[PDB]
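The chain contents come next:
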Amino acid sequence: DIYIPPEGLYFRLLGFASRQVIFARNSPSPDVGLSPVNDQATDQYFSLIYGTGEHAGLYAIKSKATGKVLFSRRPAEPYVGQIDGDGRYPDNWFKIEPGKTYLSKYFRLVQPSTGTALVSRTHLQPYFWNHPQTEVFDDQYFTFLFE
Ligand SMILES: OC[C@H]1O[C@@H](O[C@H]2[C@H](O)[C@@H](O)[C@@H](O)O[C@@H]2CO)[C@H](O)[C@@H](O)[C@H]1O
Ligand SMILES: OC[C@H]1O[C@@H](O[C@H]2[C@H](O)[C@@H](O)[C@@H](O)O[C@@H]2CO)[C@H](O)[C@@H](O)[C@H]1O
């Protein structure tokens, strides 16, 4: 019962471990990362693109500020970022994987073909990153924050 929004409805992605939201911006560098929940800046907002055909069941994550979609990959560095193209690459496509107990209202964002999960944390850099999906930590959990 994690609500997943339709296309066109905007949200921010809050991390359980970091209490911050993902940003995707034009400038300054870096162009992706984490920023303060309280700011509610446009570059914290995203909407989903629903995958079809080979990406049926997966979602791309499109920035309101830049129009680009998030990627999560290995082994090419850097491991996370944004790019043009509305999900033209396999690493733009995420599975939403709900947690349990205290994470029942959160989920991982797993990019299945590279086998990575997004990370949002405060204890180690990079603060916004990814991790092999097979090894689970609390800081891979996110929740949609809507207006
Ligand atoms: O979904 C991301 C795609 O990235 C492409 O690599 C980009 C790269 O991130 C950027 O820094 C710059 O160097 O241009 C590259 C070419 O667009 C990959 O080629 C593609 O496979 C995806 O990882
Ligand atoms: O879920 C993320 C986990 O990352 C682990 O740290 C990684 C780090 O992100 C990577 O860059 C490299 O240095 O290897 C580390 C070990 O796998 C943290 O140790 C773990 O606490 C999580 O944050």
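Residues numbered from 1 in each chain as written, not as in the entry; some residues may be left out. Chains lettered and ligands numbered in written order. Heavy atoms only, no water.

For this coordinate set, the PDB header names X-ray crystallography as the determination method and states a resolution of 1.67 Å.

Q: Would you mind showing me how to read the site of ligand 1 here?
A: Taken together, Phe71, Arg73, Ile83, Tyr89, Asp91 and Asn92 are the residues near ligand 1. Measuring from an oxygen atom of ligand 1, one finds a side-chain N or O atom of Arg73 at 2.8 Å. Here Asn92 contributes a side-chain N or O atom positioned 2.8 Å from an oxygen atom of ligand 1. Protein burial of ligand 1: of its 480 Å² of free accessible surface, 46% is covered by the chains. (Near = heavy atom within 4 Å. Polar contact = N/O pair within 3.5 Å; in protein donor to acceptor, adjacent residues only side chain to side chain. Areas by Shrake-Rupley, 256 points an atom, 1.4 Å probe, with all protein chains shown as cover.)

Q: Sorry, what's going on with the site of ligand 2 here?
A: In the vicinity of ligand 2, the residues found are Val119, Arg121, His123, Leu124, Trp129, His131, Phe137, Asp139 and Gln140. Contact between ligand 2 and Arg121: an oxygen atom at 2.9 Å from a side-chain N or O atom of the residue. Between ligand 2 and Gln140, the relevant distance is 3.0 Å, taken from an oxygen atom to a side-chain nitrogen or oxygen of the residue. Its free accessible area being 490 Å², ligand 2 has 60% of it covered by the protein chains. Tallied by class, the residues present in the shell around ligand 2 amount to four nonpolar, three polar and two charged. (Nonpolar A, V, L, I, M, F, W, Y, C, P; charged D, E, K, R; others polar.)

Q: What exactly am I supposed to notice about the pairing of strand β6 (residues 69–72) here?
A: Two faces, one strand: in a regular strand the side chains alternate between the faces of the sheet. Because side chains alternate across β6, one face comprises the buried residues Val69 and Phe71, and the other comprises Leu70 and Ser72, equally buried. In this structure, β6 lies alongside strand β7 (residues 80–83), joined through four bridges in antiparallel fashion. From the neighbouring strand, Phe71 faces β7, where its bridge partner is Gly81. (Buried < 20%, exposed > 50% of the residue type's maximum accessible area, 1.4 Å probe, protein only. Helix = DSSP H or I, 4+ residues; strand = E, 2+ residues; numbered from the N terminus. Pairing = 2+ DSSP bridges.)

Q: Just to check I follow, could you spell out the packing of aromatic side chains for this structure?
A: Each aromatic ring pair is summarised here by two numbers: the centre-to-centre distance and the angle between the ring planes. Applying the stated rule across the entire model yields nine aromatic pairs. A ring pair is formed by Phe11 and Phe144, whose centres lie 4.7 Å apart and whose planes are at 70 degrees; its orientation type is edge-to-face. Taken together, the residues span a long stretch of sequence, with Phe11 in the segment before β1 (12–15) and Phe144 in strand β12 (residues 142–145) at a distance of 133 residues. Here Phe11 falls in the buried class, since its relative accessible area comes to 0%. Residue classification places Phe144 among the buried positions, given a relative accessible area of 10%. Between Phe144 and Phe146, the aromatic rings sit 5.9 Å apart at their centres with planes inclined by 40 degrees, giving tilted as the arrangement. (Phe/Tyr/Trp six-rings, centres within 6.5 Å; stacked < 30°, edge-to-face > 60°.)

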